[PDB]
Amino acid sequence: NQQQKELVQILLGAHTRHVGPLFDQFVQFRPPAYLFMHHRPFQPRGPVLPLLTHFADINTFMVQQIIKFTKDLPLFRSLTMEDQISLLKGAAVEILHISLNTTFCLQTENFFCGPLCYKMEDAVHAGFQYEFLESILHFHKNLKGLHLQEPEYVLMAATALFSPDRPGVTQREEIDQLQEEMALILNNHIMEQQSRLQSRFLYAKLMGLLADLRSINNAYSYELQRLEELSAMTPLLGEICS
């Protein structure tokens, strides 16, 4: 209706102000020189520590940017403090990918954040599991195929943020309302923007994707352990999914 166009307006702003530009800022976190190129090769013995360290640094940065993001959402900060924790711990990573996706390029399957170009190799070389990374490249290729708009991206993010099944919550009924409200708006925005991008079941697909994020997130908490160093390097990410 009207109050909706207002909510979306609120979100869109909070987003464009706190996360939209988080990618350009990755150069602040000691990115290994190669990352500035679009064609390597790299040293088979080249210290991986720096790269891993970078991955942990950009993520911490992205999670704290994502928080500042949620703080600009009255509907959010209007919840129990412990409730905000459970929703953050439950969707910070999920929101991260939905937002990171805007830098993903299909022709190359690379992530382009400012002067940097993150390839899949980098992650494997950094130490993460191939299977895991592969599930991530999948999410991004999918989501990027749907050719979403800025309003739909943030709308999809907020639908993930306000999720009742997220462990640790209490005002489930209270939060559930936010989600169902969040979904309606998301669908409405879609419908009121018919064919010629269609893929019609666009809303049916994002629900799929929100499910795939679930799995992907469920994997983070797993990777952190299998990598010692990381945990210590980034406490925040360790808190979020632990």
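Position 1 is the first residue in the sequence shown; the rest follow in order.
Q: Averaged over C-alpha atoms, is the B-factor higher for 17-25 or for 222-230 in this PDB entry?
A: Going by the record's values, the stretch with the higher mean is 222-230.
Q: I need to verify one thing: averaged over C-alpha atoms only, is the B-factor higher for 115-123 or for 167-175?
A: Higher mean C-alpha B-factor: 167-175.
Q: Using the temperature factors in the entry, find which of 53, 194, 70, 215 has the highest value at its Cα atom.
A: Largest recorded C-alpha B-factor: 194.
Q: Pick out which of 160, 81, 100, 143 has the highest C-alpha B-factor in the PDB entry.
A: Answer, based on the entry's C-alpha B-factors: 81.
Q: What third of the chain, by the recorded C-alpha B-factor, contains residue 39?
A: Highest third of the chain for residue 39's C-alpha B-factor.
Q: In terms of the CA temperature factor given in the entry, to which third of its chain does residue 61 belong: lowest, middle or highest?
A: Within its chain, residue 61 is a lowest-third residue by C-alpha B-factor, going by the deposited values.
Q: Should residue 204 be placed in the lowest, middle or highest third of its chain by the C-alpha B factor in the entry?
A: Middle third, going by the recorded CA B-factors of the chain.
Q: Ranked by Cα temperature factor within the chain, is residue 7 in the lowest third, the middle third or the highest third?
A: Highest third of the chain for residue 7's C-alpha B-factor.
Q: Using the B-factor values recorded in the entry, state whether the Cα atom of residue 147 falls in the lowest, middle or highest third among the modelled residues of its chain.
A: Residue 147: CA B-factor falls in the middle third of its chain.
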